[PDB]
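Before any comments, here is the structure.
Residue numbers (the UniProt record's numbering), protein chains in the order written: chain R, 525 to 639; chain U, 314 to 349.
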């Protein structure tokens, strides 16, 4: 059970909304940087996958794609800090910030229902 | 074979990045089911 689900509960006041928003903003920069790296890393392999699917398996191009997948994966395996630690950090921040934003949005909806 | 496993691990679709918190909230967030 992630800690942010215990910490960030339903909002009861605008001051709480402000605090939640400030906490979101305090990690937003790291989140966006990591997310951008994750998308950039994924893009190369999604591209290689699509190429591999549309190519004849008897073509030199196919072998080239194979090799390029191996080389790029080697780049990822040797990266520092470890790719999997960055990925975990990015998933955690995504769902944490998504949860905080969910609390804020549900609060906004409630407030709009009463005025 | 090994390349197949590599691509299975690296081609998962990431959700778009969360936007900043507008006032009131402009975009509805959601928890994402990341693969495990």
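A virtual CB, placed ideally from N, CA and C, is assigned to each residue, including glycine.
Which whole-angstrom value describes the C-beta separation of residue 328 of chain U and residue 632 of chain R, a residue pair presumed to lie in contact below a C-beta threshold of 8 Å? Indexing the second chain from 1 puts residue 328 of chain U at position 15. Indexing the first chain from 1 puts residue 632 of chain R at position 108. Not quite, the Cβ-Cβ distance comes to about 21 Å (not below 8 Å), so this is no contact.
Could you give the DSSP three-state label for residue 619 of chain R: helix, strand or coil? Along the first chain, one-based indexing puts residue 619 of chain R at 95. Helix.
Which value, in whole angstroms, describes the spacing of the CA atoms of residue 595 of chain R and residue 616 of chain R? Reading the first chain from its first residue, position 71 is the one you call residue 595 of chain R. Reading the first chain from its first residue, position 92 is the one you call residue 616 of chain R. Taking the straight line from one Cα to the other gives about 28 Å.
Using three-state DSSP, classify residue 549 of chain R as helix, strand or coil. Along the first chain, read from residue 1 onward, the residue named residue 549 of chain R stands at position 25. It is helical.
In chain R, which residues lie with their C-beta within 7 Å of the C-beta of residue 343 of chain U? Your numbering for residue 343 of chain U matches position 30 in the second chain. What residue 343 of chain U touches in chain R: 622.
Indicate whether residue 331 of chain U and residue 590 of chain R have their beta-carbon atoms separated by less than 8 Å. Numbered from its first residue, the second chain carries residue 331 of chain U at position 18. Numbered from its first residue, the first chain carries residue 590 of chain R at position 66. For residue 331 of chain U and residue 590 of chain R, no; Cβs fall outside 8 Å.
Just curious, the alpha helix (DSSP H) that residue 588 of chain R is in, first and last residue? As a first step, residue 588 of chain R must be located in the first chain, where it is residue number 64. Here the alpha helix (DSSP H) through residue 588 of chain R covers 584-602.
Taking contact to mean 3 or more Cβ pairs, one atom from each stretch, closer than 8 Å, check whether the segment 622-639 of chain R and the segment 342-349 of chain U are in contact. yes
Buried or exposed, going by whether 16 or more other CB atoms sit within 10 Å of the CB of residue 612 of chain R? Position 88 of the first chain holds residue 612 of chain R. Classification for residue 612 of chain R: exposed.
Beta-carbon neighbours of residue 582 of chain R, restricted to chain U and to distances below 8 Å: Within the first chain, residue 582 of chain R is the residue found at index 58, counting from 1. Under the 8 Å cutoff, chain U gives no residues; its nearest Cβ is about 16 Å from residue 582 of chain R.
With 16 as the cutoff for other CB atoms within 10 Å, does residue 546 of chain R come out buried or exposed? As a working note, residue 546 of chain R is residue 22 in the first chain. So residue 546 of chain R counts as exposed.
Contact list for the segment 548-565 of chain R against chain U, Cβ threshold 8 Å: 548, 549, 552, 555, 556, 559, 560, 562, 563, 565
Does residue 532 of chain R have its Cβ less than 8 Å from a Cβ in chain U? Position 8 of the first chain, counting from 1, holds the residue named residue 532 of chain R. Cβ-Cβ to chain U under 8 Å: no for residue 532 of chain R.
Within 8 Å (strictly less), CB to CB, does residue 599 of chain R reach chain U? Reading the first chain from its first residue, position 75 is the one you call residue 599 of chain R. By this cut-off, residue 599 of chain R is not an interface position.
Counting contacts by CB-CB distance shorter than 8 Å, is residue 573 of chain R in contact with chain U? One-based indexing of the first chain puts residue 573 of chain R at position 49. Closer than 8 Å to some Cβ of chain U, the Cβ of residue 573 of chain R qualifies, so yes.
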